[PDB]
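Since the structure comes first, as structure tokens, the remarks are kept for the end.
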Amino acid sequence: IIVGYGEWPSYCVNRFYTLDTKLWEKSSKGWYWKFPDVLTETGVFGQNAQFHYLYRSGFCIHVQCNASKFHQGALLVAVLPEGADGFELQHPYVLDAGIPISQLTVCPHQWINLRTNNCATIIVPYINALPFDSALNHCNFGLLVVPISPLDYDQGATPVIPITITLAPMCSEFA
Amino acid sequence: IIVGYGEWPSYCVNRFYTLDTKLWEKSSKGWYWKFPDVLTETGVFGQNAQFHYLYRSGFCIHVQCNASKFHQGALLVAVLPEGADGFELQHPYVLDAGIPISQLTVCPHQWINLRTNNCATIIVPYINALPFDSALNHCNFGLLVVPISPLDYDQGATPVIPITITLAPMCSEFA
Amino acid sequence: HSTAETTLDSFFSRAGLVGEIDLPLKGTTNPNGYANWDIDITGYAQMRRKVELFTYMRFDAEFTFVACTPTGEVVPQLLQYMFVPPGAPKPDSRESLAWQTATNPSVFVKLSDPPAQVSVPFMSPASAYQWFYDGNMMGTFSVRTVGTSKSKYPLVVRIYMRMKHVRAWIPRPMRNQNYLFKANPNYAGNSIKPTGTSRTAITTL
Amino acid sequence: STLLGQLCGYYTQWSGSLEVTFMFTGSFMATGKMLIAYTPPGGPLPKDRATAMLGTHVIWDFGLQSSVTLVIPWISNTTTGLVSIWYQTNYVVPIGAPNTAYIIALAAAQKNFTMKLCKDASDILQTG
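Chains as they are written, first to last, in the deposited numbering: chain B, 31 to 42, 60 to 129, 154 to 246; chain B', 31 to 42, 60 to 129, 154 to 246; chain A, 73 to 207, 228 to 297; chain C, 98 to 175, 190 to 239. A prime marks a further copy of an entry chain.
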């Protein structure tokens, strides 16, 4: 378990939200999600996001995939400060921002190597230059899942590997 | 303060809900409201009434009117077991049910005489032959406000007297 | 016993004639030798206004079966008198298989006997019977003459009921207008009567 | 027109709480009720009396009380909140008393109000 920047969420919708399943192929580039934009439409959190004026919350993110022992590949999961089906990266080498992907391990990160493990867990505290902001006008961070070493298998196996994201809000305020 | 049947609400949306103002004239018959039907559309109580399967709640009802010292009349406020703008009585002598109005003081009741007071308060516990029922298919009781002695004034005064109902849910459950 | 007659035990305390079924020898009333009768307590004509003084009640019942010829004569006949609980099927003919289902209790009795007498408990799924629902099955007695052929005598069967272990809650005003239906508080709105009698002037006795 | 609004024209940034007092100046014989509501920054003006009641509000009775107060929470940053007055009941009056009254509003600030970054703003008030 990775606790981001050595700090736990703290005070200044307590359930699991399994989002949807992505499909990882031999020609995937990568995906990203923006928080809290991913969750302002579903459930009780989506009501309190757009009915209140101020917002403060931390998170806990689980990333999992399941495959056989005849598949190979590696993913890099990272969290970088500043819908619910994600967007796809066009230029994953420059992370669509002009910054290299080979230095993305300066962030809270975790590897998924299919040879070794199949789950990643990152805990994110609340980060802002203000104590309270708006959930609908400001996104705090983004989640990146990029295949560094590509997927491979022999012909006859399952060509598509599931990736499921599940998350839990932790120490939320609304005012 | 009248506590109905000598019993307080108890366990087996905690705010005031000022409904609307009725207008009492020289030719009024009376009005009635059905509970919890009066409140299944407004606020947080209206959401939890139609999203849950079982229901159990008590109430506290305030009835007020304001007039000058040149008006006269009397109202009988009563609670009889078994929208938000009420209905009007067609035959108030038989209470639209074939039962006399002169024996309605066997119920939890209170008088409003404009010569003496201007407010009535009745506390109602939860009454059912079952421990839990449905809020949308079964109405527990009805509230009756009938002018026994009619309104009167001299010409030039305000011809119409306001009557406001305000209520507060007390010891509610939802399952 | 110094006000022990105004209790609710004494106010609902006598056996009254509710239900009267007829098994004629010829005609179209009951052409075969059987009849069904659904248990209601308001077959006694003074009873509906008394129980509707309250909202909830809870009681037991005790039934008595006296039977005779239309003249009054006592003849040697054997009858069946079975009880169908609520939720069970009822007989369609005399050759139905419901007459010999062991979960429907019967009382075989001769006509030259004292009247048969049974007791029925509180059988509601709720905690009380309620006479007013803003939004009450007790069972059924089937009565047949025992045989494979038709009987030789015309018979009349009368049913009496006494309530016991009575509890009641939440008093209500009593009925003011004449009834029109059953389990329905409707009234004739085009003819509404006062509660009592009238006089000519307020200053005259 | 307030003194708070004139002194904060000499500064740039301010934040704190406010308070508004209403004073009914009708006759002794008149009764009625009002509804003073407050909407937080971001939400619009309510459409009717029923939706404004579902929120921060107060009922003010004329016959019992001649003054009510409303503590507005934190305003800041040099949108804004809204205060609206609705009629709960009608205006009840006997024979021989006037049909129309007036309300006077008074406003101030709380003890946690601050101002900073002074600015002698070019006033309209020019010398001679």
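We put the beta carbon where it would ideally sit given N, CA and C, even for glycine.
query: Rounded to the nearest angstrom, how far is the Cβ of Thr118 of chain C from that of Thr166 of chain C, given a contact under 8 Å?; result: 5 Å
query: Can you give me the start and stop residues for the alpha helix (DSSP H) that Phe92 of chain B sits inside?; result: 90-97
query: For a cutoff of 8 Å on Cβ pairs, would you count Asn282 of chain A as touching chain B'?; result: no
query: For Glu88 of chain B' and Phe203 of chain B', I'd like the C-alpha separation in whole angstroms.; result: 20 Å
query: Show which residues of chain F have a CB atom less than 7 Å away from the CB atom of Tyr102 of chain B'.; result: Annotation note: the requested chain F is absent from the structure, which comprises protein chains B, B', A and C.
query: In the segment 116-130 of chain C, which residues sit with their C-beta less than 9 Å from some C-beta in chain B', listed in chain order?; result: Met126, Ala127, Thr128, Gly129, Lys130
query: Output yes if chain A places a C-beta closer than 8 Å to the C-beta of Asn61 of chain B'; else output no.; result: no
query: Quick one: give me the first and last residue of the beta strand (DSSP E) that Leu80 of chain A is part of.; result: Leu80 of chain A -> not in any beta strand (DSSP E); alpha helix (DSSP H) instead, spanning 80-83.
query: Under a Cβ-count criterion, where at least 16 other Cβ atoms within 10 Å of its own Cβ denotes burial, should residue 257 of chain B be classed as buried or exposed?; result: Past the edges of chain B, shown from 31 to 246, lies residue 257 of chain B, and the structure says nothing about it.
query: List the endpoints of the continuous alpha helix (DSSP H) containing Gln103 of chain C.; result: 100-104
query: Applying the 10 Å Cβ sphere with the 16-neighbour rule, what's the burial state of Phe63 of chain B'?; result: exposed
query: Residues of chain B' with CB closer than 7 Å to the CB of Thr127 of chain A, please, in chain order.; result: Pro128, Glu129
query: Counting Cβ pairs, one atom from each stretch, are 3 or more of them under 8 Å apart for the segment 243-250 of chain A and the segment 127-139 of chain A?; result: yes
query: To the nearest angstrom, report how far apart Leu175 of chain B and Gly77 of chain B are at their CA atoms.; result: 14 Å
query: If you count every other CB in all the chains shown that lies within 10 Å of the CB of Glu116 of chain C, and 16 or more means buried, which is it?; result: exposed
query: Under 9 Å Cβ-Cβ, which residues of chain B' neighbour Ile93 of chain A?; result: The premise fails here: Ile93 of chain A is roughly 31 Å from chain B' at the closest Cβ pair, so nothing lies under 9 Å.
query: So, helix, strand or coil for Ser205 of chain B', using DSSP?; result: coil
query: Under 8 Å, Cβ to Cβ, is there at least one residue of chain B near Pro141 of chain C?; result: no
query: Any beta carbon from chain A within less than 8 Å of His209 of chain B''s own beta carbon?; result: yes
query: Can you find a CB in chain B that lies within less than 8 Å of the CB of residue 48 of chain C?; result: The shown model of chain C, from 98 to 239, leaves out residue 48 of chain C, and the question about it has no answer.
query: Would you list, in chain order, the members of the segment 143-159 of chain A that have their beta-carbon closer than 7 Å to a beta-carbon of chain B'?; result: none
query: Residues in its own chain within less than 7 Å of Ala76 of chain A by CB, not counting five upstream and five downstream?; result: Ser82
query: Can you check the segment 86-140 of chain A for any beta strand (DSSP E) of at least 3 residues that lies completely inside it and give the ranges in chain order?; result: 88-95, 106-110, 126-140
query: So, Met129 of chain A versus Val258 of chain A, is the Cβ gap smaller than 8 Å?; result: yes
query: Could you pull out every residue in the same chain whose Cβ sits closer than 7 Å to the Cβ of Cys178 of chain B', ignoring the five residues on either side in sequence?; result: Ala125, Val126, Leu127
query: Count the other CB atoms, across all protein chains shown, that sit within 10 Å of the CB of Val231 of chain B; report buried if there are 16 or more and exposed otherwise.; result: exposed
query: Report the neighbours of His162 of chain B' on chain A: residues whose CB is nearer than 8 Å to its CB, in chain order.; result: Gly281, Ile284
query: For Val203 of chain C, count neighbouring Cβ atoms within 10 angstroms of its own Cβ and tell me buried if that reaches 16, exposed if not.; result: buried
query: Applying the 10 Å Cβ sphere with the 16-neighbour rule, what's the burial state of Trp38 of chain B'?; result: exposed
query: Buried or exposed: which applies to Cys190 of chain B, given that a residue is buried once 16 or more other Cβ atoms fall within 10 Å of its Cβ?; result: exposed
query: For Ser220 of chain B' and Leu122 of chain B', what's the separation of their Cα atoms in angstroms?; result: 7 Å
query: Please report the Cβ distance between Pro240 of chain B' and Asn61 of chain B', rounded to the nearest whole angstrom; I am assuming they are in contact, meaning their Cβ atoms lie under 8 Å.; result: 7 Å
query: According to DSSP, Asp223 of chain B' sits in a beta bridge with which residue or residues?; result: B':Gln119
query: Using the C-alpha atoms, what's the distance from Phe92 of chain B' back to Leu86 of chain B'?; result: 7 Å
query: Please check if any C-beta of chain B' sits within less than 8 Å of the C-beta of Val204 of chain C.; result: yes
query: For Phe273 of chain A, count neighbouring Cβ atoms within 10 angstroms of its own Cβ and tell me buried if that reaches 16, exposed if not.; result: exposed
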